[PDB]
Every structure is written in structure tokens, then in C-alpha cells.
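**Student:** Here it is, the structure, as C-alpha cells.
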Amino acid sequence: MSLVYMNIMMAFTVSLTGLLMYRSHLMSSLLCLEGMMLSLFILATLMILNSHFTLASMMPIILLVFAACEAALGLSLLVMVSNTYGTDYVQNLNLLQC
Amino acid sequence: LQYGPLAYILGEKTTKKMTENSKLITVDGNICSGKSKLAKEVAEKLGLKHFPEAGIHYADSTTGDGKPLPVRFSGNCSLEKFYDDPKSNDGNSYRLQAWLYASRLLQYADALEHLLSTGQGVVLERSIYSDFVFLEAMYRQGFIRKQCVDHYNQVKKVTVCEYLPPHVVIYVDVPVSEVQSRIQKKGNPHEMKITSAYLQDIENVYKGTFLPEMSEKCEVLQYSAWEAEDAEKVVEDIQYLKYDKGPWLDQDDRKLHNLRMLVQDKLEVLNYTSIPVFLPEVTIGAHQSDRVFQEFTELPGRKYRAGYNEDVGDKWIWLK
Amino acid sequence: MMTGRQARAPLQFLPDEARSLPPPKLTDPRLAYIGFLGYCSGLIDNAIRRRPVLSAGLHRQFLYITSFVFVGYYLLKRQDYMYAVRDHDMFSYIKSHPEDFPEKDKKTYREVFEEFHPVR
Amino acid sequence: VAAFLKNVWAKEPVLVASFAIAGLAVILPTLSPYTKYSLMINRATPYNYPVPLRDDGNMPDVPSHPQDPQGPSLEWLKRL
Amino acid sequence: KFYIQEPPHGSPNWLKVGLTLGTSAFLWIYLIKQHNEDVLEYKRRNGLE
Amino acid sequence: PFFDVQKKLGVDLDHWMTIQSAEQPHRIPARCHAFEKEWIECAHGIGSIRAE
Amino acid sequence: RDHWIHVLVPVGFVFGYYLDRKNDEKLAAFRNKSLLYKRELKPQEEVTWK
Amino acid sequence: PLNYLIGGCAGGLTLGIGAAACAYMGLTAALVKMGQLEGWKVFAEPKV
Amino acid sequence: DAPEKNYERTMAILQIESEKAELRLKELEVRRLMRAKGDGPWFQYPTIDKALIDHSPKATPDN
Amino acid sequence: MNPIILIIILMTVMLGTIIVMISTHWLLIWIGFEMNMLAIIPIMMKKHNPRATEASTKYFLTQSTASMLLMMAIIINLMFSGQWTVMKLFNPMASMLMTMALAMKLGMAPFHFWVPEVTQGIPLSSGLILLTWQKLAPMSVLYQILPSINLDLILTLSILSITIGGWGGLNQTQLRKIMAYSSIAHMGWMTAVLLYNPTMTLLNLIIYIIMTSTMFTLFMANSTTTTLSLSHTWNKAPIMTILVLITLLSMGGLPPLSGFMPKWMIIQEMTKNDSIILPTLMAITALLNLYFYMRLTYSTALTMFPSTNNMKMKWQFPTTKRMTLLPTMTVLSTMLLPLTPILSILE
Ligand SMILES: CCCCCCCCCCCCCCCCCC(=O)OC[C@H](COP(=O)(O)OCCN)OC(=O)CCCCCCCCCCCCCCCCC
Ligand SMILES: CCCCCCCCCCCCCCCCCC(=O)OC[C@H](COP(=O)(O)OCCN)OC(=O)CCCCCCCCCCCCCCCCC
Ligand SMILES: Nc1ncnc2c1ncn2[C@@H]1O[C@H](COP(=O)(O)O)[C@@H](O)[C@H]1O
């Protein structure tokens, strides 16, 4: 397919691979997840402006707002983890092995 | 139930009945500290509902006809046999202690349920917060094993964390000499077999373990053998306290609604007393449990739910 | 499969054409079995709350039976409607494509040769 | 309902001003006569091209020139 | 009396029992009316009279 | 489970943003208004299998 | 009845037996139509089997 | 079928446990051979 | 029961079940043809309703 | 939790699933999944302990990854189709992404690695919601996009889900993880028959929700979370003892019970379409589910009985718990098989 869309998809898959190989922190997971959301915003915006499809121009803002609210929820979860262990480490989140 | 979340929606808020007299006061002391009169005296000065000390047959007194059941259905343990042989083979020591912990847990649930359904305070005698002080004093006498202390600490860790501490802990200082004097003057032939060092270890776990950890979570009031005789000085100490510690202060309608829904469900209160941690003093096999249960079902009033027993005179059953 | 049929008139539990079909009788064995399920739910409800199972809550067992029969009557109407729609669409598609459904020439066994396999 | 109003105007005049302004912002667009003119001005603002119609023969309400009598006129907007 | 505490089901809840019998009788009479209207509609659409 | 409530009750909750050829603000055309209109008018009502 | 339980199984037989007869009138599609047992009806006879 | 049964048992002898893997891989390769013969579909196309 | 009744009842049973078996084979064949060609009332997966398209004159003429 | 806030949050969960069910637009599908997740996060944290925060964190990460993959599939559909109708997808790349994302939202293997954890971390009613109500929206989207779902991918995910939900039930004493692996196996069963007859998908879904709701309602009535804690049911409430186990004999898939109703019908739709090997393998793995769950049945109705003495006190108190629809759901999860042709109502 097209070229700049392939670049935005490449960024989406790169932040996906960063979202699928955890190093140390939960904040790194939330950052890779919101980089994915950013690339979804960029690619949706370029499609909607390309076709001159007018009513969908409110769609990326919608795609922003919900997902930003989603990120807020994720941040609050991280905080409660960091109120139990002192760190946001993903290896402290292993009590559900049994 | 009668109280539920819909009653909380329709306006039955349990801080509306929380007044300054709504206090849960636990009177603590040694075996014959003579506090059993004092607590009743507080019940006729502060206007509080006295709950007696939970014996073997507390749950028998709360349910059914209110009479004590035979010992095979309730307890399977005797206080007087613990007075005779504390180092017995079959393990009456930890079995009697665990049944008393469950009975005091039902007493404390009834105490909080009365306090949250009426707004009238409750005077308790030796609540669940002051029960391990016998267990430790049993384990210091070799009457039980370490695995019994582990089982009790498991049950306490999963049961006492759901509740609030009492408002006032009234402790009575009576030394071992006057305790033995009142035991020998009491006249119970089984109770006089209590040794000296057992009472000493009760008083040691009282003074060194119970009261210092109760000092942070509530306010204790400590009395000797003779100044606890006057009820008016005790009531003047209670009323002129300034309640400033403990988790009772950050209690809104939501936390107290959760606690009141917790304590009215008696099987959820008594849930973790019978955890499947297999200890030989409390483990009953399948044949004995089956036989005792089928003998329990044929008791009068115990065959069905309480409003549904034709043998004790329940009418309108076919419309209930 | 038949979701194109319920796409020009959505969310109709019983269409108007379902009224052209006979309803289930009130002595339907399926409906009496659903009433038996209501009686079983009443007995289990009086059993799990430790009530006298046959005696207690006869109004409650009567409402269990009545509620299961009431829902099951309409479920049987919708079942009969959906199998009637299935056969109606089948017969219309058979009638509208004779070239895909030829009449097979039925041969008698005096012409049909079967290889005999002896059993011994 | 009046002593409570004086009490809340004494204690918390900010919230009284906020609820009063919000209540007026809700009710007053319907109690107004000039609200319909907002609708009329926004539907008479020509963002597009007024695409003409083929004259079939019988259309009395459609003009042939902008300086004709028939057609939607904005005398009310010029005058008000 | 026999019980030391009053049970929640010592007496029949007459509002609940009355609503139970009334709702069940309503479902029966509405079911019978629906079945009679359906057999009348079937005989009117298919001509079995 | 596609409970088509919008066709049962007769409400337009999200049909307007669905295609490009719908009623746009100030009659703005999309870039492919004619092509999408012809694909929709071709493939209308005949089902997906015949429409492909 | 003093022994009312002792007719759960016999009467439960009879009704069951009854239902078999009730099914046979629904399997009467070839009554007096088989190529083997077909015949003309006798006087005072309306069906061959019931 | 018998040759791929021999091949499955040959793959099972280099797997170890020995005779069980012999029989399992032999029966599995037998099913592969019979699927190649009679046209057995594992991911069958939806047809009706 | 009589051999007449059993014989003719067996013939009715065989009629009903042979008719159901013929209809089940027709059910399989009808489903196969309707999935394969898509011209029957079944397998009608939805397309875009053409009642959504605007037909008013737009801003630019070329569309 | 404030009960008005609980009612509002539960209606928001139901509203998010309804918005996924009724919408003709992809943005509203995504909005309904976002609303459903956002509202169900406090349901898991009803008790405020660290295991619920860990469970909610794992659930947030998996469902957020699935939501972003769903939006990427929607965006690629808008590339190759220029439109937004919830219908078949017009790119097999977008089809593969939406199939993977809905398998993540259902917890189908190999995206199953969050289902036994989160169900372990949360209470029994929230696990009931997670294993009954949260299946309804992605199965609805799979119902609406099946002309684009790849056959080989959905069959791979189906049989891998059935095998891993089978071999997950061996080593477990936790009732909630056993319900989670039973969830994974049944989602493999539902998506096995999706491209052949989705009416049997809805039948399997309804029978699964009825059996799972009966089992979680029994677990809430007895307040038992482990096998060893379930083993004391015979002495406390003996009527509770067998109903769990005839419901679990149903959940294995076993005649004449109604849990034999889905799987048989699934086989009945896959031997039509000339697949004989695949339902054979899947239902042999269902017999492996019977193997482990029958071992649990032996655990409760038989050998490992013995009681403790405090149980004698529980004899003097009935269950005041709301066992809501539990006789109805227990009758509907066993004795429904003679009404098996009721399934035509799900067309
Ligand atoms: C319908 C129109 C649209 C309405 C929505 C839009 C409103 C815009 C403003 C939004 C404000 C959001 C926050 C509002 C919170 C209200 C509750 C509240 O504040 O209660 C507490 C307060 C008591 O004060 P206290 O707790 O001491 O404050 C801390 C600092 N001392 O309690 C109070 O001070 C009482 C406050 C509530 C009563 C105010 C009544 C104002 C009446 C004005 C005239 C009538 C207006 C018509 C509409 C009726 C409004 C009630
Ligand atoms: C084509 C079909 C389309 C779809 C058809 C319909 C699908 C319905 C799916 C239902 C899923 C229900 C999930 C559970 C209910 C949601 C709210 C909830 O959890 O309520 C339970 C409630 C919570 O009370 P709480 O105080 O939190 O208890 C925990 C201990 N404190 O109270 C309790 O915990 C009390 C214990 C009993 C709770 C029983 C709830 C059963 C609900 C499901 C019934 C069966 C499914 C519906 C009928 C068949 C249709 C599939
Ligand atoms: N370890 C223990 N040994 C003896 N009595 C105990 C023990 N724990 C609790 N008690 C109770 O404490 C009571 C003594 O208090 P009193 O009623 O004042 O004599 C006994 O009758 C028992 O019910």
C-alpha cells in the first residue's frame, strides 16, 4: 500500500514490540501503549483528511478522549501498585501464580 | 435480610443513630477478677446493653429455644475437663479454646450488630481481641502444641482484620494471690485445679502483649482490685475521655454499611473459623460428623429454617 | 444462517406471519415438561433454604410453575415459527431452482445390481 | 425555601451565583423571542452555491433573477 | 412462643404472598386469553371454522 | 447478537458517520462520493456473497 | 385413602397404557390401506383397528 | 501407510518413552498418509 | 395388539421417518447451494443501506 | 463501595456491552469496549487487596492491547474500504487483527495467559461477571464479521484453546482457576462452530453462561474458593453438595445433561461440513476436561470428606445469602436436553 501510512504502521508495530517485551517498569508498558494510541490517532487523521470525509473528523478526537481517559485509568492502577510495593516493578506483580 | 443495600438507599444511615453514648466497651481481667459484676454495673449506669461472657453454649443461647444444647452438638469440649486434665490426650485444650474463639466471634458480631442497628452501646466481657492471652498462656504451660498456635493465628489473621477495636478497654489488676483467694473461696471443685504459673502467664500476656498493642488502637482504662469496686469512678473515667485514636473516627455511612452487612450474615462471620487446616484436636472424621449432624437434624426446631418447624408449633407454613 | 430473513424486520419475537401458524396446545408435552421444570425449581428452592420441600411456599411453587409455563409457551411459539420459516424457505428455493434439484429416476431392484457378499 | 436561600447567600455566594447563572442560561433561551432569529440567520448564511433549477414550466415560487419579487428575502435582517 | 429470637419468616409476608398469587393468576389468565386469541387468529387466517 | 435497535425504534444513532455519501455538513463531498455511491447502489440488498 | 401411595405405579401404568392408545390414532395413516390387510368394511364397523 | 508407520517409529526411536513414541508417531504419520490418500480435511472449508 | 394394527402402524412410522430423511437430505443440499451461490433467503450478510446516501446538490459539482 | 455507585457502574458495564451489541459503526464498537473495561475495573477492586490490584493491572494491560489492535483493524478497514459499517472486513490483514483482538478480549489461547490469574485475584461475583457478561460483546462482533474471519486462524485458536483449557485443569485446587480454564476450553468450543453455524455459537454461549452462573452462584452460596474448602459442603448444607456436582457434570459435557447439548450440536454442524477429524480431537480433549473435573467430583461427593469442630456452630445458622436464580439456573443447566430443538429461537 502507501508509504507514509506504512511508516505510521511501522511505528505502531515498533511500539507494539516495545509493549510486548517488558524490561522493568509498568510505566514503560503504559508509554508503549500510549505510543500505540498516538500512532492510531496519526493514521486515522491522515486517512480522514485524505478522503475529505468530513463527519469523521470528530472521530480522532473521540479516539483521543476515551483512550486518554483509558490512560488515566492505567495510571491509577500503577499508583496503587506503587502504593503496595514502593516501586512499579512488574516482577512484584506475580502473586497470582497460585 | 431485613437490612440490606436497599435500606441504605432508602435512608437508613447508621451514623444517624451514632451518638456519644454509642460505645463498645470491653471489660478485661483475670479468671476471678470480679469484673462480671462491674460490667453489669456499667450497664446500669451508662445505659448500655450488657453481653455476658461467651461460654460453651453462646450460640445455643442465641438460636433455637435459647437453651444450651447437649455437648456433642455444641463444642464437643468441656471447660471442667480442661480444669481436670489440661494435658489430656484427645486435645480438649485447643478444641475448647477454638470453640470459645468462635463463640466470642459470634458475641462480637452480635455486639456490633446491636450497636449499628440500634445506636445503643454494648459492654462485652473478654472480647476476641483478648482471647489469645489464654491461648499463649496455655502454650506456655505445654497444654497445647505449636501447630495449635499456628492454627489459631491463621484463624485470627483471617477473621479479626475485618472488624474495629472497642472504644474502651477496661482492664482490672488483680494479682495471682487474690485470684487464687477468690478461686478457693468460689467453691467450684474443678476450677480450683488451676495452677499458679498458668494464672501468672495469663497476667503476663495481659500486661506485656495485650495492653501495649491495644494502647495504640484504642484507649484503655486500668484499675486495681478495690478501685474497680466503685462503678461511678469508672463511669466518670469513661465519660470524661477524649476519643482521639482508633479507626472509629474515619467511619462514614459506607464503611459502617459494609460492616453492618458483614456482621448480620452469621455464616460469613463464622466462615473462616472452620478453615480446612487439618489439626488433630479439631479434625472430626466423616462418620462422626455424619452421625452428629443427623442427630442434630432431629432436635426439636432444628429440622428446617426457624419459621418452618411443625414439631415446635409453626403455623402458616404452606403459605411461607 | 437465516439472519437475512430477520433483517428487514428486526427484534420481532413473534412476527405477524407467525399468527398464520397453529399455536401449541395447553396440553403440549413440551409445555408440561417446562411446567415440570418449574416444579423442580420450586422443590430445589425449598430445599436449598431448608424449608419443608413439598409443604412450604405453595404460592412460590405455583409461581415457579406458572412463570416457566408462561415463558415456555412463547418459546414454543417462536420455535414452531422458526422451523416453519426454515421449511418455507427450503420449499421456495426448491421450487425456484428445478435445475439444481432434478427428479431422480427411481429404479426398481430388478434393474439395480448389488454385489452379493457371502457370509460364511 | 427563602430563609435557606438567605443562608446560602450568606455562607456561599459563589455557588449561589453559579447556580443562578446556570439556571438562567438554561431557561432564558426558551423564554426569549429573539431565539428564532438565531436559527433564521444561521440557515440564511450562504456557505455553498445556490444551485439553480431547470425550469420545467410550472414553478411560481422560484424566481428567474435575484432582483425578482418571489424568493426568500432578508428584509427582516436588514431592518430588525 | 418457641424461639429466643424472632425469625424473619415466623409470619407469612402477606404483601409478598398476595403479589405472588396475583401475579401468577394474572399470568394464567393472560396466557389463556393469549391462547384463545391465537386460536381465533389461526382459524381466521386459515379458515378452519 | 446484532440487536438492531436503531431500525426497530427508528432512531439514527450512528448511521450518519458510517459512509462518506451520507448527509455531510454544508453539503461537502468526499473525494470518492460517486464511486462509493455506485458501490453502495450496486451492492444494495443482494447480500454480501452476491455483492462480492 | 389409607394406602394412596400404592396407586402411583398401577394408575401410572394405565395412563401410560392410555397414551399408547392415544398415539395409535396418530399412526393411523395406513389403516385399511396396506396391500396385505385391506378389505371391505363389515356392517356396524367404521375402522378396522382402533 | 505401513512405510510411514515405519517412519513414525523411526522418528520415535530418535525421540527418547521409546515404544510409546514409536506407536504414537507411527499412528500419526499413518493418519497423515491416509489423509493424503482419502483426502481428509483437518481445516475443512465451510460448505453447507 | 393385532398384526393388522402393528403392520399398518409400522407403515405409517416408516412413511413419517422416510419423509423426514428425504427432507434432511434436501436441507443439507439447500444449505450447500445457498451458501455457495448466495441467492437464497439464507446467508444474506448485510451490505450498506442505500437509504443513507445524500442526493442533494453538493458544494463542488464533480462527484 | 457506595451502592448507588455500584448500580451506576453495573449499568455502565451493561451499557457498554449493549453499545457493542446494537451499533452499526466501528467507532461505537470501540467506545462500547472502552466503556465496558472502564466500568468493570472497580468491580474487580471491590475488596481493595493487592491481588485485586494485580488482577486489574493484568486485565487492563491485556484489554487495552486488544482495544488498540481492534482500532488498528478498524483503521485498516477504513483504508481499504473508506467506510464504517459493522459488516465483513475488506482486508485479511484487518480481519486477522480483529480476530486476534477479539481472541484477546475473550482470553482464547495463546492469549489465555491472563484468564486464570485475574479470575484468581478478584471475588466470585466479579469473576462471574468476567466469565459470563464479558464474553457477550466480542462474540457479538465475531457474529457480525464472520464473512471475513479466516478459517484456518479461527480453527487454530479454537483447538489450541480447547487443548490448553484442557491441560490447565490438572494442577489446580483453586475453583476460580478451574472455572477460568473451563472458560478457555468453552471459548474454543464456541469459535469452533462459528464459521459453520453461529446459531450453535449462541447456543453454546447461553448454555455456558447458565452453567457458569450456576457454579459461581453455588460458590457464593457456600463462600468456598478452593477444592479443599469445597470439600466441607457435605456437613454444612447437604443439598448444596450435589447441585455443584451435577452442574459440573453438565459443564464437562455429559449426557443426559444439557451441557452435552452444545458440543454434540457443534459436532452435528461439523460432520455436515466434512470435518470428521477436528470435532473428534476437540471432544477427546473435552473428555480430558471430564477426566480432571470428574476427579474434582470424586473429591467433593466422595473420599476427601473430613470436617472440623467449628462446623458444628454453622449448623445453628441458615444461609441468609441471596441465592438469586440458583434453583432456576440449576434446573436450566441440567434438564434442558429434552428441549434441545429450542435452539431455533437463536437464529
Ligand atoms: C439547573 C441549572 C443547572 C445546574 C447545574 C450547573 C451548575 C453550575 C455550577 C456547578 C457547581 C458544581 C459543584 C456544586 C456542588 C454543590 C454541593 C456543595 O457544594 O455542597 C456543600 C456546600 C456547603 O459548603 P461547605 O461544605 O462548607 O464548603 C466547603 C468550603 N467551606 O453546600 C452549599 O453551599 C449548597 C449548594 C447547593 C445549593 C445552592 C442553591 C443555589 C440557588 C440559586 C438560585 C436558584 C437557581 C435555580 C436552579 C436551582 C439550583 C439549586
Ligand atoms: C441471545 C442471548 C443474549 C444474552 C442473554 C442474557 C445473558 C445474561 C448474562 C448474565 C451475566 C450475569 C453476571 C452476574 C450479574 C451481574 C451483577 C452481579 O454480579 O450481581 C450479583 C450480585 C452482587 O452482589 P454482591 O454483594 O457484590 O455479592 C458478592 C458478595 N458481597 O449478587 C450476588 O452475588 C448474589 C448471588 C447470586 C447472583 C446470581 C446472578 C445470576 C445472573 C445470570 C442468570 C443466568 C443468565 C440469564 C438467563 C439465561 C440467558 C443466557
Ligand atoms: N484458657 C482458659 N482457661 C480457663 N478458662 C477460660 C480460658 N479461656 C477462657 N476461659 C473462660 O473464662 C471464664 C472465667 O471467667 P469468670 O466467668 O469471671 O470466672 C471461664 O469460666 C471460661 O469460660
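Please note that chains go A, B, ... in the order of the C-alpha cells, that every chain numbers its residues from 1, and that ligands are numbered from 1 in the order shown.
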Need to verify the contact set: residue 61 in chain A, 10 Å, only C-alpha atoms, exclusion of same-chain residues closer than 5 positions in sequence. Can you return it as a VMD selection string?
**Tutor:** chain A and resid 41 45 56 66 to 67
**Student:** The selected residues should be written to file as an mmCIF file, in the first residue's frame (atoms: N, CA and C atoms).
**Tutor:**
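Saved as again03.cif:
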data_model
loop_
_atom_site.group_PDB
_atom_site.id
_atom_site.type_symbol
_atom_site.label_atom_id
_atom_site.label_comp_id
_atom_site.auth_asym_id
_atom_site.auth_seq_id
_atom_site.Cartn_x
_atom_site.Cartn_y
_atom_site.Cartn_z
ATOM 1 N N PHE A 41 -4.025 7.637 16.299
ATOM 2 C CA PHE A 41 -4.512 8.992 16.041
ATOM 3 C C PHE A 41 -3.954 9.538 14.733
ATOM 4 N N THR A 45 -6.165 10.183 11.380
ATOM 5 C CA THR A 45 -6.245 11.567 10.936
ATOM 6 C C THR A 45 -5.825 11.711 9.482
ATOM 7 N N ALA A 56 -16.116 12.301 9.800
ATOM 8 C CA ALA A 56 -15.184 11.514 10.590
ATOM 9 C C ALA A 56 -14.094 12.343 11.239
ATOM 10 N N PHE A 66 -11.587 9.129 24.957
ATOM 11 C CA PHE A 66 -11.742 7.807 25.563
ATOM 12 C C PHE A 66 -10.411 7.189 25.934
ATOM 13 N N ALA A 67 -9.487 7.161 24.974
ATOM 14 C CA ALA A 67 -8.249 6.446 25.206
ATOM 15 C C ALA A 67 -7.369 7.194 26.185
#
**Student:** If we count only C-alpha atoms and set the cut-off at 10 Å, which residues sit around residue 76 in chain J, ignoring sequence neighbours fewer than 5 positions away in its own chain? Please answer as a VMD selection string.
**Tutor:** (chain A and resid 5 9 43 to 44 47) or (chain J and resid 70 to 71 81 to 82 89 to 95 97)
**Student:** Kindly save the residues from that selection, with N, CA and C atoms included, as a CSV table (one decimal), in the first residue's frame.
**Tutor:**
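Final output, out_15.csv:
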chain,number,residue,atom,x,y,z
A,5,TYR,N,1.6,6.0,5.3
A,5,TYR,CA,0.8,5.0,6.1
A,5,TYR,C,1.6,3.8,6.6
A,9,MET,N,2.2,2.8,10.4
A,9,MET,CA,2.1,1.4,10.8
A,9,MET,C,3.3,0.8,11.4
A,43,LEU,N,-2.7,7.9,12.1
A,43,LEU,CA,-3.1,7.2,10.9
A,43,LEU,C,-4.5,7.5,10.6
A,44,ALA,N,-5.4,7.5,11.6
A,44,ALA,CA,-6.8,7.8,11.4
A,44,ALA,C,-7.0,9.2,10.9
A,47,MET,N,-5.9,9.4,7.1
A,47,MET,CA,-7.0,8.8,6.3
A,47,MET,C,-8.2,9.7,6.1
J,70,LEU,N,-7.9,-3.7,18.0
J,70,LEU,CA,-9.2,-3.5,17.4
J,70,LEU,C,-9.3,-2.2,16.6
J,71,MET,N,-8.7,-1.1,17.2
J,71,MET,CA,-8.8,0.1,16.5
J,71,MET,C,-7.8,0.1,15.3
J,81,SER,N,-11.6,0.3,2.6
J,81,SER,CA,-13.0,0.3,2.3
J,81,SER,C,-13.6,1.7,2.4
J,82,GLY,N,-13.0,2.7,3.0
J,82,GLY,CA,-13.5,4.0,3.1
J,82,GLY,C,-14.8,4.2,3.9
J,89,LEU,N,-15.0,-7.5,6.8
J,89,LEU,CA,-13.9,-6.6,6.7
J,89,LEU,C,-13.3,-6.8,5.3
J,90,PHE,N,-12.7,-5.7,4.8
J,90,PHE,CA,-12.3,-5.6,3.4
J,90,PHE,C,-10.8,-5.7,3.3
J,91,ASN,N,-10.1,-6.3,4.2
J,91,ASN,CA,-8.7,-6.7,4.1
J,91,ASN,C,-8.5,-7.9,5.1
J,92,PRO,N,-7.8,-8.9,4.6
J,92,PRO,CA,-7.5,-10.0,5.5
J,92,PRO,C,-6.5,-9.6,6.6
J,93,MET,N,-5.7,-8.6,6.4
J,93,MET,CA,-4.9,-8.1,7.5
J,93,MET,C,-5.7,-7.5,8.6
J,94,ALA,N,-6.7,-6.7,8.2
J,94,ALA,CA,-7.6,-6.2,9.2
J,94,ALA,C,-8.5,-7.3,9.8
J,95,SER,N,-8.8,-8.3,9.0
J,95,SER,CA,-9.5,-9.5,9.5
J,95,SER,C,-8.7,-10.2,10.6
J,97,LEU,N,-6.2,-9.0,12.4
J,97,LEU,CA,-6.0,-8.2,13.5
J,97,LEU,C,-7.3,-8.2,14.4
**Student:** List all protein, DNA and RNA residues that have an atom no more than 9 Å from any atom of ligand 2, counting only C-alpha atoms and all ligand atoms, and report them as a count of residues only.
**Tutor:** 52
**Student:** Check every residue of chain F for an atom within 9 Å of chain D, counting only C-alpha atoms, and provide those that qualify as an MDAnalysis selection string.
**Tutor:** chainID F and resid 26:28
**Student:** Any chance you can output those residues with N, CA, C and O atoms as a compact mmCIF listing (two decimals), in the first residue's frame?
**Tutor:**
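Result went into out-v1.txt, see below:
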# COMPACT_ATOMS: atom_id res chain seq x y z
N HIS F 26 -22.82 21.29 5.40
CA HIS F 26 -22.68 22.25 4.30
C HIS F 26 -22.51 21.57 2.94
O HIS F 26 -21.88 22.14 2.05
N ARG F 27 -23.05 20.36 2.80
CA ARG F 27 -23.04 19.57 1.56
C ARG F 27 -21.63 19.35 1.02
O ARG F 27 -21.41 19.40 -0.20
N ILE F 28 -20.65 19.14 1.89
CA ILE F 28 -19.28 18.88 1.43
C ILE F 28 -19.22 17.49 0.82
O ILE F 28 -19.68 16.52 1.44
**Student:** Counting only C-alpha atoms and all ligand atoms, name the residues that have an atom within 10 Å of an atom of ligand 3; the answer should be given as an NGL selection string.
**Tutor:** :B and (28-37 or 52-57 or 78-80 or 82-83 or 86 or 93-94 or 96-98 or 100-101 or 104 or 125-126 or 130-139 or 143 or 182-183 or 186 or 191 or 194 or 198-199 or 202)
**Student:** Which protein, DNA or RNA residues have an atom within 12 Å of ligand 1, counting only C-alpha atoms and all ligand atoms, as a short mmCIF file (atom, residue, chain, number, x, y, z; two decimals) with C-alpha atoms, in the first residue's frame?
**Tutor:**
data_model
loop_
_atom_site.label_atom_id
_atom_site.label_comp_id
_atom_site.auth_asym_id
_atom_site.auth_seq_id
_atom_site.Cartn_x
_atom_site.Cartn_y
_atom_site.Cartn_z
CA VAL D 1 -37.01 27.95 50.69
CA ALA D 2 -36.40 31.64 51.42
CA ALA D 3 -34.51 31.55 54.72
CA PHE D 4 -32.45 28.71 53.24
CA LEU D 5 -31.77 30.98 50.26
CA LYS D 6 -30.63 33.82 52.52
CA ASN D 7 -28.47 31.36 54.47
CA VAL D 8 -26.76 30.02 51.35
CA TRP D 9 -26.35 33.58 50.01
CA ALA D 10 -24.65 34.45 53.31
CA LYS D 11 -22.40 31.39 53.54
CA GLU D 12 -21.65 30.53 49.89
CA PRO D 13 -22.40 33.37 47.44
CA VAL D 14 -20.18 31.80 44.76
CA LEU D 15 -22.30 28.67 44.40
CA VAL D 16 -25.50 30.74 44.53
CA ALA D 17 -24.19 32.91 41.69
CA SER D 18 -23.12 29.79 39.78
CA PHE D 19 -26.48 28.03 40.09
CA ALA D 20 -28.34 31.27 39.26
CA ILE D 21 -26.26 31.92 36.12
CA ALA D 22 -26.60 28.27 35.06
CA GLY D 23 -30.35 28.28 35.66
CA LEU D 24 -30.79 31.45 33.62
CA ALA D 25 -28.58 30.01 30.86
CA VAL D 26 -30.91 27.01 30.77
CA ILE D 27 -34.33 28.65 30.91
CA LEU D 28 -33.87 32.01 29.13
#
